[PDB]
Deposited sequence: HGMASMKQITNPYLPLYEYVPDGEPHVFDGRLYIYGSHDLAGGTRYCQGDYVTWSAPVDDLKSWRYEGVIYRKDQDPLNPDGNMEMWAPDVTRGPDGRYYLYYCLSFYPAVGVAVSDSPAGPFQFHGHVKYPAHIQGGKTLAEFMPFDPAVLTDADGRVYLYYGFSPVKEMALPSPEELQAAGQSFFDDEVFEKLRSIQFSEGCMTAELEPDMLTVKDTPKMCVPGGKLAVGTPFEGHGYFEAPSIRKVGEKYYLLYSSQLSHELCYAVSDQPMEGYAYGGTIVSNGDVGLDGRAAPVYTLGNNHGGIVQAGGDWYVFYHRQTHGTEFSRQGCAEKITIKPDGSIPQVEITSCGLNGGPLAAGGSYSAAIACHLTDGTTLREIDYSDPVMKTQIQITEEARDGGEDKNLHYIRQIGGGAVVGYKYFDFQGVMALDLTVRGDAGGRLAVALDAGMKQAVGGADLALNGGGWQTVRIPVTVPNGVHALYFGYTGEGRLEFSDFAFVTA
């Protein structure tokens, strides 16, 4: 069996995923994008899970909570954004979420990690602070919750941009066992970008998307930084104070990795956390598709937590949860690319830029039958474009069968590096119609593990749906 990135099937769009192991299964609790979506998080919340010892087998557990279950949202006019789920000290499962830019944290509850969740309440002040009202201060946003090893419960939230009233950083408070009532007014624990100036956090301040995990006895607080495309971490010995800046864990364009400035893949917001599954640690994040920020898909990479507690930045890959490189036999969707750029790939996220519409991008097209019949492919491939995959175990590979279409007149080169300097083969591209076709490209690749890159040079545009390995 094999698994790639994204780990859920290509017709599923679960960004903002919080990974938790419950009763032997790794559940992912994210928001819910739609293919071709026109706004953030348009679907009801679902969950998917794999056995914790076999992360290559994900199954769909259904919708677990709907937009209209919150009393603030009777017509479902507002979306539900990035959630978190904790097993509370009472043994039940508590789901925390905010409606789209609504300044309250809602809470639902179930006895099962797969639902059904029923509305529980809104996070609120105790009777003696602010008349016990619903918490609406310091911009409630992107909630994350920890049920600690001793049974205490801590909430983390906030929205702190640098670009009404917003957060100065990540805010935090301990909740009572009702899972609604804070023990005290929330306080800041990680500085936002503004307050980050002068600190070790400088340039990587808190922006959104906290995720709290226990690593041994330590508290690891991940967040999406002011850069938005990266996930950073801070570490403390205490849950609500004393956080020291860690570093970057993952960027969805590998920005920052080895000082890289030009992204390897279209940048966008990023959300997620770490999890211990098997004997290893993973980071879950999401990627962008469709040339927008509204069709996002969960990905993951193994990480290493060093003996001193630090977590070096990891590169994005196509094999993610596979536990090793993929087989260089059989057929693959082009949509599992972890490298995807052209001459318009932006260094600064800007989804208003009209160049996004005509940029190289992964898209989906509904087809007769099930979602598994839907076509995924890369469109808008022109000269200067590069498409890349990590990693394959090449054994006796003689050729590649590329399924393409379009009106392109030029050269498709094949290489093992993104700079296209380790060239292993190439094809003349003579297609000026509009029906799919397979092109065999002979390649001289020595056996062993390699990345795989396709580079296009010339005029026209092409679309790329699948590639297959031709072995001896």
May I ask you to mark the stretches of the deposited sequence that the structure leaves without C-alpha coordinates? 1-6, 170-197
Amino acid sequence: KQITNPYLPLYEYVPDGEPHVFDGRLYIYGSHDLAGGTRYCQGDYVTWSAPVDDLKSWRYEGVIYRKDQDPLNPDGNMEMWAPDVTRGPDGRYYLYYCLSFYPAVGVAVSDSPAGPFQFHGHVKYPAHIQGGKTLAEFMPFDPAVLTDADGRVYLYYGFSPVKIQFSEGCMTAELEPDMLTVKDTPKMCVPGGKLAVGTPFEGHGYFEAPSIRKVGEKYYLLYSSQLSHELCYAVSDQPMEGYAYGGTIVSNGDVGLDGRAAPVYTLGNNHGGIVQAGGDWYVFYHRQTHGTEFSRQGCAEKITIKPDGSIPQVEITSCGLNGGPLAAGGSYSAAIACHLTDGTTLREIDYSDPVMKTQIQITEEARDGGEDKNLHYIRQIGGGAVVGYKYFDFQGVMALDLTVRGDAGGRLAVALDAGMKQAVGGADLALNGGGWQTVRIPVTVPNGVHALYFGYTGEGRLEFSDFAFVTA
From here on, numbers count along this sequence of modelled residues.
I need to verify one thing: averaged over C-alpha atoms only, is the B-factor higher for 235-243 or for 331-339? 235-243
Going by the average Cα B-factor in the PDB entry, point out whether 413-421 or 53-61 comes out higher. 413-421
Residue selected from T444, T47, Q69, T403 by maximal Cα B factor: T444
If you compare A209, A262, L180, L221, which has the highest Cα B-factor in the entry? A262
For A472, the third of its chain into which the C-alpha B factor falls: highest
Tell me, lowest, middle or highest third: where does the Cα B factor of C41 rank within its chain? middle
Is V314 in the lowest, middle or highest third of its chain when residues are ranked by C-alpha B-factor? middle
Check where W81 lands among this chain's C-alpha B-factors and tell me if it's the lowest, middle or highest third. middle
By the entry's values, the third containing the CA B factor of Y391 is the middle
